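Printed here is work.pdb (PDB, C-alpha atoms (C1' of nucleotides)):
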```
ATOM      1  CA  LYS A   1     107.387 110.358  94.264  1.00  0.00           C
ATOM      2  CA  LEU A   2     109.883 112.632  92.513  1.00  0.00           C
ATOM      3  CA  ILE A   3     113.001 111.754  90.517  1.00  0.00           C
ATOM      4  CA  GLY A   4     115.964 113.887  89.488  1.00  0.00           C
ATOM      5  CA  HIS A   5     116.741 117.492  90.400  1.00  0.00           C
ATOM      6  CA  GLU A   6     113.669 118.341  92.458  1.00  0.00           C
ATOM      7  CA  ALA A   7     113.640 114.919  94.127  1.00  0.00           C
ATOM      8  CA  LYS A   8     117.133 115.979  95.176  1.00  0.00           C
ATOM      9  CA  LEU A   9     115.931 119.406  96.280  1.00  0.00           C
ATOM     10  CA  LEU A  10     113.710 117.964  99.026  1.00  0.00           C
ATOM     11  CA  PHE A  11     116.096 115.112  99.820  1.00  0.00           C
ATOM     12  CA  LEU A  12     118.192 118.245 100.311  1.00  0.00           C
ATOM     13  CA  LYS A  13     115.389 119.859 102.310  1.00  0.00           C
ATOM     14  CA  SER A  14     114.736 116.854 104.546  1.00  0.00           C
ATOM     15  CA  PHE A  15     118.461 116.647 105.276  1.00  0.00           C
ATOM     16  CA  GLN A  16     118.039 120.341 106.055  1.00  0.00           C
ATOM     17  CA  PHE A  17     115.231 119.587 108.517  1.00  0.00           C
ATOM     18  CA  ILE A  18     116.607 116.751 110.661  1.00  0.00           C
ATOM     19  CA  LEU A  19     119.922 118.500 111.235  1.00  0.00           C
ATOM     20  CA  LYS A  20     117.969 121.447 112.637  1.00  0.00           C
ATOM     21  CA  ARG A  21     116.002 119.104 114.888  1.00  0.00           C
ATOM     22  CA  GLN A  22     119.359 117.619 115.848  1.00  0.00           C
ATOM     23  CA  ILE A  23     120.741 121.034 116.801  1.00  0.00           C
ATOM     24  CA  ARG A  24     117.930 122.110 119.124  1.00  0.00           C
ATOM     25  CA  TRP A  25     118.055 118.959 121.224  1.00  0.00           C
ATOM     26  CA  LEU A  26     121.707 119.971 121.121  1.00  0.00           C
ATOM     27  CA  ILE A  27     120.861 123.217 122.899  1.00  0.00           C
ATOM     28  CA  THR A  28     118.502 121.617 125.398  1.00  0.00           C
ATOM     29  CA  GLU A  29     121.077 119.025 126.345  1.00  0.00           C
ATOM     30  CA  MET A  30     124.021 121.474 126.517  1.00  0.00           C
ATOM     31  CA  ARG A  31     122.326 124.897 126.934  1.00  0.00           C
ATOM     32  CA  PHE A  32     124.962 126.737 124.886  1.00  0.00           C
ATOM     33  CA  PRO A  33     122.886 129.822 123.790  1.00  0.00           C
ATOM     34  CA  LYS A  34     122.321 131.548 120.465  1.00  0.00           C
ATOM     35  CA  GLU A  35     126.003 130.809 119.871  1.00  0.00           C
ATOM     36  CA  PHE A  36     125.711 127.003 119.326  1.00  0.00           C
ATOM     37  CA  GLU A  37     122.604 127.473 117.210  1.00  0.00           C
ATOM     38  CA  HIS A  38     123.735 130.133 114.766  1.00  0.00           C
ATOM     39  CA  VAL A  39     127.233 128.820 114.097  1.00  0.00           C
ATOM     40  CA  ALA A  40     125.631 125.507 113.179  1.00  0.00           C
ATOM     41  CA  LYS A  41     123.211 127.226 110.807  1.00  0.00           C
ATOM     42  CA  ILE A  42     125.820 129.111 108.726  1.00  0.00           C
ATOM     43  CA  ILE A  43     128.036 126.035 108.752  1.00  0.00           C
ATOM     44  CA  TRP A  44     125.392 124.271 106.680  1.00  0.00           C
ATOM     45  CA  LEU A  45     124.601 127.515 104.864  1.00  0.00           C
ATOM     46  CA  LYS A  46     128.272 127.240 103.901  1.00  0.00           C
ATOM     47  CA  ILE A  47     127.770 123.562 103.057  1.00  0.00           C
ATOM     48  CA  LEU A  48     124.758 124.425 100.905  1.00  0.00           C
ATOM     49  CA  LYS A  49     126.739 127.067  99.038  1.00  0.00           C
ATOM     50  CA  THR A  50     128.899 124.443  97.328  1.00  0.00           C
ATOM     51  CA  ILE A  51     126.021 122.065  96.620  1.00  0.00           C
ATOM     52  CA  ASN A  52     124.328 124.687  94.428  1.00  0.00           C
ATOM     53  CA  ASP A  53     127.483 125.326  92.370  1.00  0.00           C
ATOM     54  CA  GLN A  54     128.127 121.788  91.127  1.00  0.00           C
ATOM     55  CA  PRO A  55     124.319 121.486  90.568  1.00  0.00           C
ATOM     56  CA  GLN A  56     123.232 121.291  86.886  1.00  0.00           C
ATOM     57  CA  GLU A  57     122.446 117.680  87.654  1.00  0.00           C
ATOM     58  CA  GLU A  58     125.022 117.119  90.363  1.00  0.00           C
ATOM     59  CA  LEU A  59     123.760 114.459  92.724  1.00  0.00           C
ATOM     60  CA  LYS A  60     126.893 113.742  94.720  1.00  0.00           C
ATOM     61  CA  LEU A  61     125.555 115.571  97.781  1.00  0.00           C
ATOM     62  CA  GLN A  62     122.908 113.462  99.539  1.00  0.00           C
ATOM     63  CA  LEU A  63     124.888 113.456 102.795  1.00  0.00           C
ATOM     64  CA  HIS A  64     125.565 110.247 104.733  1.00  0.00           C
ATOM     65  CA  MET A  65     124.154 109.352 108.166  1.00  0.00           C
ATOM     66  CA  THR A  66     127.508 110.588 109.470  1.00  0.00           C
ATOM     67  CA  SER A  67     127.701 113.947 107.606  1.00  0.00           C
ATOM     68  CA  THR A  68     125.170 115.505 109.980  1.00  0.00           C
ATOM     69  CA  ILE A  69     127.102 114.747 113.157  1.00  0.00           C
ATOM     70  CA  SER A  70     130.353 115.736 111.428  1.00  0.00           C
ATOM     71  CA  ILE A  71     128.606 119.061 110.855  1.00  0.00           C
ATOM     72  CA  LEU A  72     127.530 119.376 114.472  1.00  0.00           C
ATOM     73  CA  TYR A  73     130.972 118.146 115.480  1.00  0.00           C
ATOM     74  CA  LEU A  74     132.701 120.755 113.333  1.00  0.00           C
ATOM     75  CA  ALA A  75     130.486 123.503 114.712  1.00  0.00           C
ATOM     76  CA  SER A  76     130.990 122.402 118.307  1.00  0.00           C
ATOM     77  CA  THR A  77     134.746 122.332 117.714  1.00  0.00           C
ATOM     78  CA  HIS A  78     134.319 125.955 116.667  1.00  0.00           C
ATOM     79  CA  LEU A  79     132.663 126.542 120.008  1.00  0.00           C
ATOM     80  CA  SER A  80     135.018 123.881 121.339  1.00  0.00           C
ATOM     81  CA  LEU A  81     132.426 122.726 123.867  1.00  0.00           C
ATOM     82  CA  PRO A  82     133.236 118.939 124.004  1.00  0.00           C
ATOM     83  CA  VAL A  83     134.706 115.728 122.484  1.00  0.00           C
ATOM     84  CA  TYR A  84     133.787 113.072 119.872  1.00  0.00           C
ATOM     85  CA  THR A  85     133.713 109.679 121.565  1.00  0.00           C
ATOM     86  CA  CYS A  86     131.952 111.115 124.552  1.00  0.00           C
ATOM     87  CA  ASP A  87     129.472 112.851 122.315  1.00  0.00           C
ATOM     88  CA  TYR A  88     128.900 109.744 120.286  1.00  0.00           C
ATOM     89  CA  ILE A  89     128.420 107.462 123.274  1.00  0.00           C
ATOM     90  CA  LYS A  90     126.119 109.917 124.984  1.00  0.00           C
ATOM     91  CA  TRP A  91     124.108 110.347 121.863  1.00  0.00           C
ATOM     92  CA  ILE A  92     123.662 106.631 121.301  1.00  0.00           C
ATOM     93  CA  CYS A  93     122.883 105.930 124.917  1.00  0.00           C
ATOM     94  CA  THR A  94     120.135 108.500 125.208  1.00  0.00           C
ATOM     95  CA  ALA A  95     119.179 108.522 121.520  1.00  0.00           C
ATOM     96  CA  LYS A  96     119.785 112.194 122.093  1.00  0.00           C
ATOM     97  CA  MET A  97     120.104 112.564 118.344  1.00  0.00           C
ATOM     98  CA  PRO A  98     117.205 111.882 115.990  1.00  0.00           C
ATOM     99  CA  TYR A  99     120.109 110.473 114.016  1.00  0.00           C
ATOM    100  CA  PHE A 100     119.100 106.807 114.240  1.00  0.00           C
ATOM    101  CA  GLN A 101     115.703 106.923 112.503  1.00  0.00           C
ATOM    102  CA  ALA A 102     114.645 109.344 109.761  1.00  0.00           C
ATOM    103  CA  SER A 103     110.885 109.049 110.243  1.00  0.00           C
ATOM    104  CA  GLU A 104     110.631 112.171 112.330  1.00  0.00           C
ATOM    105  CA  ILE A 105     111.120 114.951 109.832  1.00  0.00           C
ATOM    106  CA  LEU A 106     107.766 116.642 109.807  1.00  0.00           C
ATOM    107  CA  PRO A 107     107.753 114.426 106.811  1.00  0.00           C
ATOM    108  CA  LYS A 108     104.881 111.995 107.032  1.00  0.00           C
ATOM    109  CA  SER A 109     104.907 113.654 103.573  1.00  0.00           C
ATOM    110  CA  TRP A 110     108.635 113.957 102.879  1.00  0.00           C
ATOM    111  CA  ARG A 111     108.510 110.244 103.634  1.00  0.00           C
ATOM    112  CA  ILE A 112     106.094 109.741 100.741  1.00  0.00           C
ATOM    113  CA  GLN A 113     108.070 112.353  98.800  1.00  0.00           C
ATOM    114  CA  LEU A 114     108.822 108.870  97.590  1.00  0.00           C
ATOM    115  CA  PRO A 115     112.564 108.257  97.958  1.00  0.00           C
ATOM    116  CA  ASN A 116     113.982 109.448  94.596  1.00  0.00           C
ATOM    117  CA  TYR A 117     117.534 108.090  94.894  1.00  0.00           C
ATOM    118  CA  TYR A 118     117.146 109.800  98.281  1.00  0.00           C
ATOM    119  CA  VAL A 119     114.799 110.415 101.239  1.00  0.00           C
ATOM    120  CA  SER A 120     114.439 106.705 101.971  1.00  0.00           C
ATOM    121  CA  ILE A 121     118.220 106.391 102.292  1.00  0.00           C
ATOM    122  CA  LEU A 122     118.058 109.123 104.951  1.00  0.00           C
ATOM    123  CA  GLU A 123     117.678 108.624 108.708  1.00  0.00           C
ATOM    124  CA  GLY A 124     119.104 105.509 110.361  1.00  0.00           C
ATOM    125  CA  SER A 125     120.820 103.362 107.736  1.00  0.00           C
ATOM    126  CA  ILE A 126     123.780 101.953 109.735  1.00  0.00           C
ATOM    127  CA  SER A 127     126.335 102.331 112.561  1.00  0.00           C
ATOM    128  CA  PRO A 128     129.872 103.695 111.834  1.00  0.00           C
ATOM    129  CA  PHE A 129     132.913 101.628 110.853  1.00  0.00           C
ATOM    130  CA  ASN A 130     136.540 102.471 111.767  1.00  0.00           C
ATOM    131  CA  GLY A 131     137.593 105.993 110.766  1.00  0.00           C
ATOM    132  CA  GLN A 132     134.570 106.071 108.505  1.00  0.00           C
ATOM    133  CA  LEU A 133     133.320 108.243 111.363  1.00  0.00           C
ATOM    134  CA  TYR A 134     135.679 110.981 110.214  1.00  0.00           C
ATOM    135  CA  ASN A 135     136.326 109.652 106.719  1.00  0.00           C
ATOM    136  CA  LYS A 136     133.800 112.417 106.200  1.00  0.00           C
ATOM    137  CA  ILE A 137     134.635 114.921 108.922  1.00  0.00           C
ATOM    138  CA  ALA A 138     137.727 115.462 106.789  1.00  0.00           C
ATOM    139  CA  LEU A 139     135.589 115.645 103.655  1.00  0.00           C
ATOM    140  CA  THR A 140     133.321 118.193 105.323  1.00  0.00           C
ATOM    141  CA  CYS A 141     136.398 120.191 106.266  1.00  0.00           C
ATOM    142  CA  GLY A 142     137.253 119.766 102.596  1.00  0.00           C
ATOM    143  CA  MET A 143     133.854 121.055 101.532  1.00  0.00           C
ATOM    144  CA  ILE A 144     133.985 123.637 104.292  1.00  0.00           C
ATOM    145  CA  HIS A 145     137.557 124.868 104.216  1.00  0.00           C
ATOM    146  CA  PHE A 146     136.738 124.707 107.956  1.00  0.00           C
ATOM    147  CA  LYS A 147     140.166 125.254 109.442  1.00  0.00           C
ATOM    148  CA  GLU A 148     140.520 128.699 107.870  1.00  0.00           C
ATOM    149  CA  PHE A 149     136.978 129.589 108.927  1.00  0.00           C
ATOM    150  CA  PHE A 150     136.978 128.284 112.483  1.00  0.00           C
ATOM    151  CA  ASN A 151     139.342 128.659 115.409  1.00  0.00           C
ATOM    152  CA  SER A 152     141.106 126.048 117.569  1.00  0.00           C
ATOM    153  CA  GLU A 153     140.126 122.791 115.851  1.00  0.00           C
ATOM    154  CA  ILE A 154     140.310 119.503 117.731  1.00  0.00           C
ATOM    155  CA  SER A 155     141.782 120.606 121.064  1.00  0.00           C
ATOM    156  CA  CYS A 156     140.118 120.217 124.380  1.00  0.00           C
ATOM    157  CA  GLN A 157     142.136 119.733 127.547  1.00  0.00           C
ATOM    158  CA  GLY A 158     138.748 118.287 128.412  1.00  0.00           C
ATOM    159  CA  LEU A 159     139.227 115.107 126.382  1.00  0.00           C
ATOM    160  CA  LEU A 160     142.349 114.442 128.441  1.00  0.00           C
ATOM    161  CA  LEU A 161     140.328 114.925 131.636  1.00  0.00           C
ATOM    162  CA  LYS A 162     137.522 112.726 130.298  1.00  0.00           C
ATOM    163  CA  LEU A 163     140.188 110.115 129.587  1.00  0.00           C
ATOM    164  CA  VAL A 164     142.071 110.071 132.902  1.00  0.00           C
TER     165      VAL A 164
ATOM    166  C1'  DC B   1     162.078 102.670 105.312  1.00  0.00           C
ATOM    167  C1'  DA B   2     158.746 105.467 103.559  1.00  0.00           C
ATOM    168  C1'  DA B   3     155.014 108.672 101.210  1.00  0.00           C
ATOM    169  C1'  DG B   4     152.197 109.397  97.312  1.00  0.00           C
ATOM    170  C1'  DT B   5     148.388 108.799  91.985  1.00  0.00           C
ATOM    171  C1'  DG B   6     145.196 106.000  89.657  1.00  0.00           C
ATOM    172  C1'  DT B   7     141.068 103.466  90.489  1.00  0.00           C
ATOM    173  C1'  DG B   8     136.260  98.830  91.044  1.00  0.00           C
ATOM    174  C1'  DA B   9     133.490  97.295  93.731  1.00  0.00           C
ATOM    175  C1'  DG B  10     130.660  96.128  97.799  1.00  0.00           C
ATOM    176  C1'  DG B  11     126.797  97.276  99.905  1.00  0.00           C
ATOM    177  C1'  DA B  12     121.943  99.073 101.357  1.00  0.00           C
ATOM    178  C1'  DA B  13     116.756  99.637 101.002  1.00  0.00           C
ATOM    179  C1'  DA B  14     111.561 100.663  99.776  1.00  0.00           C
ATOM    180  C1'  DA B  15     108.785  99.781  96.711  1.00  0.00           C
ATOM    181  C1'  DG B  16     107.856  97.274  92.905  1.00  0.00           C
ATOM    182  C1'  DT B  17     107.394  92.984  90.698  1.00  0.00           C
ATOM    183  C1'  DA B  18     107.896  87.904  90.388  1.00  0.00           C
ATOM    184  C1'  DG B  19     105.817  83.105  91.162  1.00  0.00           C
ATOM    185  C1'  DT B  20     102.322  80.072  92.727  1.00  0.00           C
ATOM    186  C1'  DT B  21      97.626  79.822  94.008  1.00  0.00           C
ATOM    187  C1'  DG B  22      93.058  80.510  94.520  1.00  0.00           C
ATOM    188  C1'  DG B  23      88.897  82.651  94.493  1.00  0.00           C
ATOM    189  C1'  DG B  24      85.407  84.495  92.074  1.00  0.00           C
ATOM    190  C1'  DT B  25      81.530  85.779  90.268  1.00  0.00           C
ATOM    191  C1'  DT B  26      81.920  87.009  85.696  1.00  0.00           C
ATOM    192  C1'  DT B  27      79.711  86.259  82.204  1.00  0.00           C
ATOM    193  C1'  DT B  28      76.675  83.628  78.527  1.00  0.00           C
ATOM    194  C1'  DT B  29      75.348  81.539  74.318  1.00  0.00           C
ATOM    195  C1'  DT B  30      53.429  61.543  89.406  1.00  0.00           C
ATOM    196  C1'  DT B  31      45.440  62.751  85.758  1.00  0.00           C
ATOM    197  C1'  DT B  32      43.335  65.474  88.780  1.00  0.00           C
ATOM    198  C1'  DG B  33      37.272  67.031  84.790  1.00  0.00           C
ATOM    199  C1'  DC B  34      35.491  68.016  81.123  1.00  0.00           C
ATOM    200  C1'  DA B  35      32.978  67.485  76.070  1.00  0.00           C
ATOM    201  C1'  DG B  36      33.991  67.379  71.823  1.00  0.00           C
ATOM    202  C1'  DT B  37      36.272  65.854  67.575  1.00  0.00           C
ATOM    203  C1'  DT B  38      39.370  63.091  63.911  1.00  0.00           C
ATOM    204  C1'  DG B  39      41.148  59.057  62.335  1.00  0.00           C
ATOM    205  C1'  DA B  40      41.191  54.468  62.895  1.00  0.00           C
ATOM    206  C1'  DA B  41      39.484  49.140  62.533  1.00  0.00           C
ATOM    207  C1'  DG B  42      35.901  46.747  61.407  1.00  0.00           C
ATOM    208  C1'  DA B  43      32.056  45.640  58.980  1.00  0.00           C
ATOM    209  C1'  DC B  44      28.322  45.678  55.229  1.00  0.00           C
ATOM    210  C1'  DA B  45      25.368  45.374  50.235  1.00  0.00           C
TER     211       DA B  45
END
```
Translate the structure of the given file into structure tokens.
Amino acid sequence: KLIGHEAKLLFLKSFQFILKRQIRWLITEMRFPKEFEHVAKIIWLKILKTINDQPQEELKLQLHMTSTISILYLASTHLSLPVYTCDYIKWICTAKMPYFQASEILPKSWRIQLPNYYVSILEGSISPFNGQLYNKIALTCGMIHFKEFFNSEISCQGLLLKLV
DNA sequence: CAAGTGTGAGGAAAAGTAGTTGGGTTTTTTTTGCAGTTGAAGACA
């Protein structure tokens, strides 16, 4: 039950939390060592950097259900391990991601952290429409300045194989 | 043929809050024994 800046801070925090839970199932499923884990961290460390700057009372951040996978997608692309469609289908099919419902957290309490123009909107609101999927991957790249930072973006001779 | 600024709204969701009701205490301001006695109507010198 918190409104305003600090409501945002833990909405921030919770967002922080689930992405991390997302990443570790990431490792278990793909077993792609420290590497997958740490690149993902700093990626959001980088994402956080900008959020603090336009703070004051900037509440444009609260990321969408999609921002998290865009983040993991961007980081993977760095690592260039896989593909998007395959990743998305696999994730939905096995609920590999905690993406769908936001009750996990470790919140019990973050849940009650009331919603404050936030936390309630997190975890499992809806399924992606059209580009919409990327309509934010691009934004994240925008926030990130990702292309300069990370090598070989979107590539994969593996998507071609997957496709044939 | 084609690419590019400016921008209004549509939509979602948990909890609150509405309407309609009821419950709910609350809260509350037929003589059966006795003995005596008074007053009565009636009566009298």
Go through chain B and flag each residue having an atom no more than 8 Å from chain A; for those, report the closest pair of atoms plus their distance in Å to one decimal, using all atoms listed in the file, ordered by chain and rising number, as a tab-separated table.
```
residue	atom	partner	partner_atom	distance
B:12	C1'	A:125	CA	7.8
B:13	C1'	A:121	CA	7.0
B:14	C1'	A:120	CA	7.0
```
The PyMOL selection byres ((chain A and resi 4) around 10) applied to the shown file, residues as a ChimeraX atom specification: /A:2-3,5-9,57-59,116-118
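CA of residue 71 in chain A is found 7.4 Å from CA of residue 44 in chain A.
Coordinates place CA of residue 30 in chain A at a distance of 23.2 Å from CA of residue 124 in chain A.
Pairwise distance (CA of residue 16 in chain A, CA of residue 72 in chain A) equals 12.7 Å.
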Taking the file as I've supplied it (selection: the PyMOL selection byres ((chain A and resi 23) around 10)), which residues are included? Please answer as a ChimeraX atom specification. /A:18-22,24-29,36-38,40-41,68-69,72,97-98
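Proximity of A:12, A:163, A:112, A:92 to residue 55 in chain A, computed with all atoms listed in the file, is greatest for A:12.
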